[PDB]
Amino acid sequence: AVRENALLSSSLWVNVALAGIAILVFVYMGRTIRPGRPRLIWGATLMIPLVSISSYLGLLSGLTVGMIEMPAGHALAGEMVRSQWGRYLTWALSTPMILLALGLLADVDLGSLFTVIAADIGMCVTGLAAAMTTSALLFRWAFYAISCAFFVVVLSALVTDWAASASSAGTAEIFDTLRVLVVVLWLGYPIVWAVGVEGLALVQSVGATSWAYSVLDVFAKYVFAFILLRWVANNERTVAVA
């Protein structure tokens, strides 16, 4: 509940503000977005920062933060560590929206979109399971491994059929740019988890781990959404003719 750690607190308030600014910027950027495909991607994009603000409020309020006892074998075994589990939970809604926006832009098959969102949800929930598991270190990492497997299913779409769809949709250029951002930035999350306090605890500062995720969110969500939306606004014809 209580929080007397400026490093930790700032990592949360900073994104409530940035997500707030993004929403306002995006609403504005869509001021003259033609109806149909464009406006639709605009809405899906607007919600990325909307879900994000919700996540940070959950954390700030303490609603989605808890103390978890680390199991034998862990660097901090027998100690209680602060787990921002609300991040893992909300990702289950925000990442599917990122994929929805990218999917619409690439005009992929509804079936493919379906499979990818399911895989994404699996990645998120198994990640939450890894954080919440306390009986044995083995199970925490086994969940981490399965979460990685779901992540691979998600990435497989980006490297295969979603790319072929963007080409036929005339959005290959922007898709290729956005694809690099997703693969590189999304890989940062499991690294932070593994290096941070809930993983190997190479970095034992909860404030530091929190800032890492917050910085990733700035680029994987706000900047990502800005780049996607800006392109759509300057290429309404191409996306509308889908």
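Residue indices: 1-based, along the sequence shown.
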message = Averaging CA B factors per stretch from the PDB record, which one is higher: 38-46 or 59-67?
response = 38-46
request  = Name the higher of the two by mean Cα B-factor in the PDB entry, 21-29 versus 5-13.
outcome  = 21-29
ask   = From 111, 86, 127, 96, pick the one with the largest CA B-factor in the entry?
value = 111
remark   = Per the deposited B-factor column, the C-alpha that peaks among 105, 152, 137, 117 belongs to 105
request  = Within this chain's modelled residues, let me know which third the CA B factor of residue 78 belongs to: lowest, middle or highest.
outcome  = middle
request  = Would you check the entry's CA temperature factor for residue 228 and let me know if it's in the chain's lowest, middle or highest third?
outcome  = middle
key: Ranked C-alpha temperature factor of residue 217 among modelled chain residues, by third   = lowest
note = The third of the chain into which the C-alpha temperature factor of residue 165 falls is the highest
task = Select lowest, middle or highest to describe the third in which the CA B-factor of residue 145 falls within its chain in this entry.
result = lowest
